[PDB]
Amino acid sequence: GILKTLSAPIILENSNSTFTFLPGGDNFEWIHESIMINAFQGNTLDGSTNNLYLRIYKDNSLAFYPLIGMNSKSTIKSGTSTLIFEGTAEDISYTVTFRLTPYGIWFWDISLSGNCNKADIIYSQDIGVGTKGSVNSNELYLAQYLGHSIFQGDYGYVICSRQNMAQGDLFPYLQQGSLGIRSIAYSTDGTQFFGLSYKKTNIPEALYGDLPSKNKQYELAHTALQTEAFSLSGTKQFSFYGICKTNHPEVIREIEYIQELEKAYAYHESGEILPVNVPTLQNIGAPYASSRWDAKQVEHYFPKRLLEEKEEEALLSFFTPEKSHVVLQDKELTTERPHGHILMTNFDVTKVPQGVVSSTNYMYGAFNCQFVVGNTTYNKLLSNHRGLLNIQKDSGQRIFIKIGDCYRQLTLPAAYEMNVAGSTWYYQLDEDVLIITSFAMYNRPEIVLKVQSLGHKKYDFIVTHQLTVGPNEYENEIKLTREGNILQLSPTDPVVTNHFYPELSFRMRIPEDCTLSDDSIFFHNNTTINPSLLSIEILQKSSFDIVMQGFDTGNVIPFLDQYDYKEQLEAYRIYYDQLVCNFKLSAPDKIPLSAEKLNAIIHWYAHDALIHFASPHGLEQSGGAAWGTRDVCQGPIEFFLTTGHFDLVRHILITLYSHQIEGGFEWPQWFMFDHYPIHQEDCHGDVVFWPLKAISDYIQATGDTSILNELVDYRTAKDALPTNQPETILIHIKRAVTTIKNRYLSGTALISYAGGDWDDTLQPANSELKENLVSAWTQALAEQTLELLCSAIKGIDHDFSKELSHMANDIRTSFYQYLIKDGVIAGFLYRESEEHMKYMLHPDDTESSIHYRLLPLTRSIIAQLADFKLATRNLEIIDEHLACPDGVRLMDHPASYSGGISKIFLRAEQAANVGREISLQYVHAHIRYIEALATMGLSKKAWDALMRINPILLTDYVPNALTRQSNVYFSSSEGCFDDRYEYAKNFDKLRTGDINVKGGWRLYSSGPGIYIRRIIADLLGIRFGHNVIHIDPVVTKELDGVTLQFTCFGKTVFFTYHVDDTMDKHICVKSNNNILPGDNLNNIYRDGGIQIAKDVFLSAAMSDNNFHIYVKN
Ligand SMILES: OC[C@H]1O[C@@H](O[C@@H]2[C@@H](O)[C@H](O)[C@@H](CO)O[C@@H]2O)[C@H](O)[C@@H](O)[C@@H]1O
Ligand SMILES: OC[C@H]1CNC[C@@H](O)[C@@H]1O
């Protein structure tokens, strides 16, 4: 069987515009010249996110009715550019006329007939305002750059929106308002309209009240307008309108296009407008959310609880001794981002993995989205999760359960339990509990769904699956075959449609007695709308399973007889223990809370880091697949070096060097690491340093200078294909170093900024800024990297090593000579020539509102480039200008924002949303601050900083932090500022904790891996070198008497810490009371740690594996 693709059957056209709808009149794709206007495509079971609601007020009730889409009771007629919806709501008769005019302008003309005392209308419209590709790739991201301006016109509120992030070359625009009726209130974000409560109730919260009339610049661009209320006795008529422009290079200052709007309003099509068939749902009800569990029920299902989070004495979340994290219903209804989880199969940890199976799931009944095998974008069976509030709830795998006469889609459970192997949902039903589990198999490319009635009661179910079989829903036809209870799914025309994985297939094992269809079973007349919705009806069962297999290379394996969760959980526990070298903190007395948070989080961060490495995607950032060049060089390499996964790092490095670009001899920004030849050949200015630093770190850790002699190819810039001109890794390095030498500004060793540094929002706004800026952060990184390379290469190429030392020293000299003034490292220097220089992000830049930058302060310290005086000053500057309760900030003031046009920096001046790097607390940079503090031996500050970004019981540690998912990494911390203007004005509230702060994007980040390295290597102080162990703790007094279990060179040992201010030496290490000999480490800021030979360490370990570490702060 060939599954066809969904095509929207209602197609409205007019000059430069194609607006399509599903048969219920739900929005599908609204396109004006290449610009997609809506944010979300409707689906055949939920409809679309937009609507028009009639509300009727009575003395004892408020009622609300959708007028459009499949949830209205509307009949529909269509012409070539017009739709007419007709129906009744109570005893009001209505018509809604949709018009698509030639002017990139549309209208919803409403007509109401009847008799009632008080009514109003709410207009509701999700908005994208980007190319179709940008919208599809990430709606949240696109929304962040969509800047809303609010005005009063003739008929109250009008909302004008400019997309600040370039779409092709264009800055597109929307305007929305009302005509013939006043819009008395407005909102601009989906969180305002639907509310968090929607995730349980399935009712938009705003429908019960008044819109707030505030512009919230967040991730769910969603315009709502509320009319003045009116009585009806007779007929009343009025319209809403929209305007789309593909390019509006200026900032928005006023209502525009008034004359065009008037011309468009006179527009009517000449053609006939004829009835069309509207399909209707059959015995399908509203969604089903579980009732909440009370304290007694929680206690019964979860008797053993740790790290309990409570708010007003109600339990929100907790951890278990089995290493699970459990989230109770009330917590999800208070987190702006939805609780979720990524499952990933195990792989051989000595090699770069391939064909790794992954799946995403979310608390609110998204049981399996984005099931993939290998490439997370292309090698996909199930559609991605989108949005935040589950308005569109048809993606991936979903479950309907028959309650009374009606199938009801499961949404919000009573509890949601995550472990590294699986997720479990607990739904309270009438006198029963339904348990759903989606879990990864060990050693097999499988995810398994199990459904179990606890009371062994029988139910009817429909399990739906929005198929892709490729990167996107609705894009390609699918080949589906069935042999008994085994389905096989694969792309049609696999060689051609997939040159690179021509054998890509999937299989599903389905229950014995089930029937198979598309969405036809949902509809009264059995009409198929979406043929790629794979529906499985399972009648009168108390349990069932669906087993899902992925094969990137067609190595099909038979299904097991029994699929047991517990066995997988046990195998994954061991794999994750080994991955972190059996890390475990203990004490004989009460373990300190900080240590208890580290034991709980270490395995969660290891999982996040391993995903970031092997299966590169996140929760919000679903579109990844590739390795970022600077990304793989940080989180994964630092994680793997810390835990002794050296063979893996070697293989990563070989793969990485194979992706260096022929000719330019830099790296791409990102590249696929599988068989897909895709990369981004244009790079930022810092990227080149990262593979150089990483190979040098690898060489220092292992002594494996052999890597330098490996013969390794390059890739071509344009088509990302192998060049078949291999050279030694040493020569790869020499070529990359030449690109660095050629960046010196003339007369100096100042490294030109080029395409930007670490901060992707700080790309230069023009070519003069690109050529003439110098990033002090980049300068410091260069110095550091070239010094590290010098050492790594010293034994192999004496001469190149001397040239590397000269470079590093000249860079060092220029750093001190040009980038420091009055003891303050400037964030940037602008140097057109010796005669025309200007500091930026420095106190001398008195024109600017920004006078301090974090990044150079931390990197200069990490590298031991900053002398003690400068390091000490750096820390005072942080304390006085950058330090907040939620961590250290990237600058002392926000980047400029003046309506979206860039002057100096690109995305930093374009983002309308206070979030991501624009939040100024980008957690990765805070982690480098921790690293800097550790380098300086400042244990109190370091451990305090470690805790400020630890999501476990975060609200207890940082009182102004809003709670968020406690078992996942959060990438940023942003003040609750609705727009950039308020953010600038009341910025200082961040320093003093007088504004709440909330978490950013989850999971996908270098953070988890570099956090793990801070914990183990820098703070606990256990680091590895060539046949040596380095012991160099930076611990507080509360770690006195605490022990770390850690596997060293394959031997489990126990490091017990003693903090002793009265010692003579800085450090002493003892086993069986014998002092271990070794040499002192080099550190310009404090007394160094100790280097102990591996044979010596291991010999002591054989007699007594309890090492006692005496350290003086
Ligand atoms: O997706 C928005 C996000 O993109 C960030 O950049 C990407 C990076 O995180 C990822 O590792 C690679 C490979 O998939 O693609 C991109 O370079 C960017 O740094 C952020 O500013 C944006 O928020
Ligand atoms: O701009 C800060 C960071 C954002 N995510 C990708 C990283 O490579 C980058 O440094």
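The PDB lists this entry under the title "Crystal Structure of 1,2-beta-oligoglucan phosphorylase from Lachnoclostridium phytofermentans in complex with sophorose, isofagomine, sulfate ion".

Colleague: Looking at this model, I keep getting lost on the overall build of the protein chain. Mind explaining?
Modeller: Looking only at helices and strands, the protein chain features 28 helices and 61 strands. For the protein chain, whose C-alpha radius of gyration is 30 Å, the value lies close to the compact-globule estimate of 32 Å for 1113 residues. Counting only C-alpha atoms, the protein chain reaches 95 × 75 × 60 Å along its principal axes. Sequence-distant contacts in the protein chain: of pairs separated by 6 or more residues, those separated by 24 or more amount to 68%. The protein chain carries 92 positive and 130 negative side-chain charges, and their two centres are separated by 3 Å.

Colleague: How do you make sense of the nonpolar core when you look at a structure like this?
Modeller: Nonpolar side chains tend toward joint burial in soluble globular proteins. Among the nonpolar cores identified, the biggest contains 269 residues, and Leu489, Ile733, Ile1022 and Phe1055 are the most heavily contacted of them. Sorting elements by how many residues they give to this core places helix 10 (residues 593–614) first, with 13 residues. The contacts of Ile1022, once residues within four sequence positions are left out, are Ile1016, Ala1017, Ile1029, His1030, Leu1044, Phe1046, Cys1048, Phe1055, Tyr1057 and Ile1109. With 45 residues, the next largest nonpolar core counts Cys116, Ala143, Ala221 and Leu225 among its residues.

Colleague: Would you mind going over the environment of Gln910 with me for this structure?
Modeller: Within the secondary structure, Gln910 sits in helix 21 (residues 907–910). Given the relative accessible area of 9%, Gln910 is considered buried. Distance from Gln910 to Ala1017, taken between C-alpha atoms, is 38 Å for residues 107 residues apart in sequence.

Colleague: Whenever I open this one, the packing of aromatic side chains confuses me. Can you help?
Modeller: For any pair of aromatic rings, the description rests on two quantities: the centre-to-centre distance and the angle between the ring planes. Under the defined criterion, the tally for this structure stands at 65 aromatic pairs. With centroids separated by 5.3 Å and ring planes inclined at 70 degrees, the aromatic side chains of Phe21 and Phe98 adopt a geometry described as edge-to-face. Residue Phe21 is found in strand 3 (residues 17–21), and its partner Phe98 is found in strand 10 (residues 92–100); the two are separated by 77 residues along the sequence. Taken as a pair, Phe21 and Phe98 share a single burial class, namely buried. Cluster of aromatic residues (ring-pair linked, three or more members): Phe19, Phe21, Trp30, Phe85, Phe98, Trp106 and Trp108. Over the ring of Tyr57 we find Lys118, and its NZ or CZ is 4.4 Å from the ring centre.

Colleague: Can you walk me through the sheet that holds strand 44 (residues 773–775) in this structure?
Modeller: Strand pairing in a sheet is mediated by backbone hydrogen bonds. Such pairs are either parallel or antiparallel. As summarised here, the arrangement of the 3 strands in space is 44-47-48, forming an open sheet in which the pairing is antiparallel. Only two strands of the sheet have a single neighbouring strand rather than two, namely strand 44 and strand 48 (836–840). Taking each pair of neighbouring strands and ignoring which way they run, the sheet shows an average axis angle of 20 degrees. By the bridge criterion, 3 bridges tie strand 44 to strand 47 (residues 828–833) in an arrangement that is antiparallel. For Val774, the partnering residue across the bridge sits in strand 47 and is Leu829.

Colleague: What exactly am I supposed to notice about the pattern of salt bridges here?
Modeller: Side-chain pairs of opposite charge can arise whenever the charged atoms involved come near each other. A full pass over the atoms with the stated rule returns 48 salt bridges. We note a salt bridge from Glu299 to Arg305, for which the minimum N-O separation is 2.9 Å. Residues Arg305 and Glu308 are paired through a salt bridge, measuring 2.7 Å at the closest nitrogen-oxygen approach. Classification of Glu308 as partly exposed rests on a relative accessible area of 30%. Shared partners join several salt bridges into a network, and the residues in it are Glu638, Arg928, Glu931, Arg1014 and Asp1018.

Colleague: Looking at this structure, how should I read the site of ligand 2?
Modeller: All residues adjacent to ligand 2 are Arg630, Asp631, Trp758, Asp759, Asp760, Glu917 and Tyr922. Note that an oxygen atom of ligand 2 is positioned 2.7 Å from one of the side-chain N or O atoms of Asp631. Within the side chain of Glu917, a nitrogen or oxygen atom sits 2.6 Å from an oxygen atom of ligand 2. About the coverage of ligand 2: the protein hides 86% of its 280 Å² of free accessible area. Class assignment for the residues of the shell around ligand 2 results in 2 nonpolar, no polar and 5 charged.

Colleague: It is not clear to me how the pairing of strand 17 (residues 221–227) should be interpreted in this structure. Could you clarify?
Modeller: Regular strands place side chains that alternate from one sheet face to the opposite one. A large share of strand 17 lies buried, amounting to 7 of its 7 residues. Sheet analysis places strand 11 (residues 105–126) next to strand 17, joined by 5 bridges and oriented antiparallel. Residue pairing across strands places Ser124 opposite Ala224, the latter belonging to strand 17. Across 5 bridges, the pairing between strand 16 (residues 183–189) and strand 17 is antiparallel. Looking at the pairing, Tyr186 lines up with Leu225 of strand 17.

Reading guide: rules and limits
- Residues numbered from 1 in each chain as written, not as in the entry; some residues may be left out.
- Chains lettered and ligands numbered in written order.
- Heavy atoms only, no water.
- Helix = DSSP H or I, 4+ residues; strand = E, 2+ residues; numbered from the N terminus.
- Rg over C-alpha atoms; globule rule 2.2 N^0.38 Å.
- Contact = heavy atoms within 4.5 Å.
- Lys, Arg positive; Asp, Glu negative; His and termini not counted.
- Charge placed at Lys NZ, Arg CZ, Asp CG, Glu CD.
- Core = buried A, V, L, I, M, F, W, Y, C linked by side-chain atoms within 4.5 Å.
- Buried < 20%, exposed > 50% of the residue type's maximum accessible area, 1.4 Å probe, protein only.
- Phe/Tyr/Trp six-rings, centres within 6.5 Å; stacked < 30°, edge-to-face > 60°.
- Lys NZ or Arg CZ within 6 Å of the ring centre and 35° of its normal.
- Pairing = 2+ DSSP bridges.
- Axes fitted to C-alpha atoms, helices over the stretch in contact; angles between N-to-C directions.
- Salt bridge = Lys/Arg side-chain N within 4 Å of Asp/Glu carboxyl O.
- Near = heavy atom within 4 Å.
- Polar contact = N/O pair within 3.5 Å; in protein donor to acceptor, adjacent residues only side chain to side chain.
- Areas by Shrake-Rupley, 256 points an atom, 1.4 Å probe, with all protein chains shown as cover.
- Nonpolar A, V, L, I, M, F, W, Y, C, P; charged D, E, K, R; others polar.

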